[PDB]
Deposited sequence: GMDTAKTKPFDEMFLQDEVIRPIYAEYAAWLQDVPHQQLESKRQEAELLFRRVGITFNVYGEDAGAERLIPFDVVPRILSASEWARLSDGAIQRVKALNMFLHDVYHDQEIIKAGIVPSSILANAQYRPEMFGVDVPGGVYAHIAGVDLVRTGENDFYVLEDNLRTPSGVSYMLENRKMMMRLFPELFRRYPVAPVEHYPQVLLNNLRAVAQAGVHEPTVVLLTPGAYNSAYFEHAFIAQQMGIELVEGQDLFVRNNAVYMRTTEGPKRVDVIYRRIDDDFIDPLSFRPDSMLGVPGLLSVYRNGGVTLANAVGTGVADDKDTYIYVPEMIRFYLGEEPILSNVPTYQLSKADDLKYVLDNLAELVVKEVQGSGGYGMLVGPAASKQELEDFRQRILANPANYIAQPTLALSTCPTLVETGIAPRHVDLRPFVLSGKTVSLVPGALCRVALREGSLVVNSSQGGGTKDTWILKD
């Protein structure tokens, strides 16, 4: 019993989807792609790379039918999440029906400033990141939802550009769907959420600035879109409108793609010490003078305590059964969950909200150590059963060996809900590791969606 591999079947048989890649790999002149060392030599000789997050040249390939199911599943989930957000800030029908407890209103991410506020098209999460894992041929799990300021598209776009630059001949052998139109699809969706009356909306990207880890992505996506990259001080509010400062005079801003947290957008309504925001911005948004994307108060839908109700949102709002499954998740802030987790620690995966323990890959000492770490602050942890995480062929020291991967596509909601046929794929390079996170042996791959 081994974890499902994307390339190699039950025996050493190659899955039909990877046959053409295996053929190309055999024709590769000399020992150029036989192991991690030869891959690192190829990447340096051609593109001058020295391992910045590591990159693996073996793509994560998905068929047109796998993506169609995955894509239907992600759109269904995001529609229910947006309908949930409209509901919590309006009639709260799901709470009155007893499906979601009223304790959700104790969540710090629930913004009473958004109660009764109508947002253009009822869209709260204009961009939604969905973290997915595979366990079988037709088995996918949603690990987490990302509805605040989702990131990673720059790695998705650059990884494709890198693969096309290194191996153009490989793109001739596979019918790979393109991804580079993402910024223009996003810009078109932002224009569509302009307030009622606005004919040719002005769109800007509000950034915290250079001293932010994702700043390059902010500058990159704004440049790819062809819109102004602004900081708080570049904008100002007056008479229910937001203006951008220009030498020729103030230019009205209709839509702001915010890459700043709610807490920092308006010192007159939230954190008063913030220098990232725009004073009075929340009032203009609440009174229909501007659109913020993503909306203020989306955090209540992707919080660890709300995650468990997502399958029930799909049934309640859409009258459908969930296409994608949630992962059973324990919230160590709950006494029943804390009791269970500490009693079955060697069988579970424990993660901090805002460190990670792999119970089956831990000794009695490190298990007892983590037990103390948990009890020092239990509310900062969640736990899930250890899943049979799918492996993708990855170039390692010994050669081409299976390594654990995860997938992040980006759902876009404007007047329509859609996905560009691509995703950020993260790989856990170290043997036996399930840490796809770049902090401890984590890298990226290009994700190919076949036409």
item: Deposited positions without coordinates, collected into consecutive stretches in sequence order; value: 1-6, 58-68, 372-376, 474
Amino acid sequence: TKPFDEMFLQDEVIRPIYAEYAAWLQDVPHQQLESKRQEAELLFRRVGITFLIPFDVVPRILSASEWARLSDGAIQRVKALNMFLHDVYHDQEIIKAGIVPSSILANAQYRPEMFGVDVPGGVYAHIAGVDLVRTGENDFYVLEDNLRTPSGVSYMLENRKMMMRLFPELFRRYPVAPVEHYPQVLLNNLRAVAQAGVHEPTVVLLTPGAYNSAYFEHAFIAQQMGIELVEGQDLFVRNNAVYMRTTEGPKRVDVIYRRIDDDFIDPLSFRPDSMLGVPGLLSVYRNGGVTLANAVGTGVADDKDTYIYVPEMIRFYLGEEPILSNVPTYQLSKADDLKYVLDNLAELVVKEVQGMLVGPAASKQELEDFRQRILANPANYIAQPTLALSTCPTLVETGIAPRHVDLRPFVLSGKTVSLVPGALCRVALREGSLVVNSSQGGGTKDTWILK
From here on, numbers count along this sequence of modelled residues.
| property | result |
| --- | --- |
| 212-220 versus 249-257 - which carries the larger mean C-alpha B factor in the record | 212-220 |
| 68-76 versus 130-138 - greater average Cα B-factor per the deposited record | 130-138 |
| Criterion, highest CA B-factor; candidates, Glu347, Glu231, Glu228, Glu312 | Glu347 |
| Which of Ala40, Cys425, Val417, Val420 ranks first by CA B-factor in the deposited coordinates | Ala40 |
| Where the record places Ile449 (Cα B-factor, split into thirds across the chain) | lowest |
| Third of the chain, ranked by Cα B-factor, where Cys392 sits | highest |
| Chain thirds of CA B-factor: placement of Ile49 | highest |
| Record-listed C-alpha B factor of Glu368: chain third | highest |
| Third of chain Cα B-factors occupied by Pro175 | middle |
